[PDB]
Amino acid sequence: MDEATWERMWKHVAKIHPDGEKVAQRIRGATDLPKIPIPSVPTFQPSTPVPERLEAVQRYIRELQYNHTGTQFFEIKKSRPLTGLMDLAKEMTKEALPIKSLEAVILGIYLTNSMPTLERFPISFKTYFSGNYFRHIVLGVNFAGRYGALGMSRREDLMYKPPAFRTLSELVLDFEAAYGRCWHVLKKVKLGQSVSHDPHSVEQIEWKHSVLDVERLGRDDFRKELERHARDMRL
């Protein structure tokens, strides 16, 4: 990144870290730093079951690490044509830098376009904690009629889910329970449509095919709306 953006990152570190000035003076220009291996983009035998491939995809995403630096290294414009977002995903594998949740969703799409028997659809969450609202997103997946997820989060239980849930409702309710355990109340779930496996597609990702107001719907209608969305996607 260019020199001005680099200084901005370190200036931001100075404010958000207790001894922020100390952190930069220990790291900047240091000659003894660890050499970080560039993670190997996983490739797949045709004999490998898709769930096993997904474990390798998630492992790769995890190796990049969650970006806690305070500076997002890849700008994601969500209305860009898919082909542009896939060019960016390729650059993420080249630059091999830490990522956050939305970048992980784009990467997960890029790395599963070779899996036409897998459908991929974004799931975003709006939660409420300590008077304030928080946004999160994962890549929902469907293999052989069972639901799972790929993604990246600060918490282990708000990203990867093996494709074992027999309904979309059960997948989303698992996220809701995980949020509950860290004292977040789930307010909205926004679910997209299946994403094209063509990395040169000019169509946009559809991020908000269903926008579900959890409290206004109530338990049973929340579940029915999730099952309606799952039907919309299968057809």
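Numbering starts at 1 and follows the sequence shown.
*Asks:* May I ask you to compare 27 to 35 and 60 to 68 by their mean CA B factor in the entry and name the higher one?
*Replies:* For C-alpha atoms only, the mean B-factor is higher in 27 to 35.
*Asks:* Between 100 to 108 and 69 to 77, point out the one with the higher average CA B-factor as the PDB entry records it.
*Replies:* Stretch with the higher mean C-alpha B-factor: 69 to 77.
*Asks:* Highest Cα B-factor in the deposition, which of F143, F129, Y160, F125?
*Replies:* Checking the PDB record, the top C-alpha B-factor among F143, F129, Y160, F125 is at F129.
*Asks:* With respect to C-alpha B-factor, does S196 fall in the lowest, middle or highest third of the chain as deposited?
*Replies:* It falls in the bottom third of the chain.
*Asks:* C-alpha B factor of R120, ranked within the chain: lowest, middle or highest third?
*Replies:* Lowest third.
*Asks:* Sort the modelled residues of this chain by their C-alpha B factor and say whether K90 lands in the lowest, middle or highest third.
*Replies:* Tercile = lowest for this residue's CA B-factor.
*Asks:* By its CA B factor, does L212 count among the lowest, middle or highest third of the modelled residues in the chain?
*Replies:* Middle third - that is where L212 ends up once the chain's C-alpha B-factors are sorted.
*Asks:* Should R155 be placed in the lowest, middle or highest third of its chain by the C-alpha B factor in the entry?
*Replies:* Highest third of the chain for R155's C-alpha B-factor.
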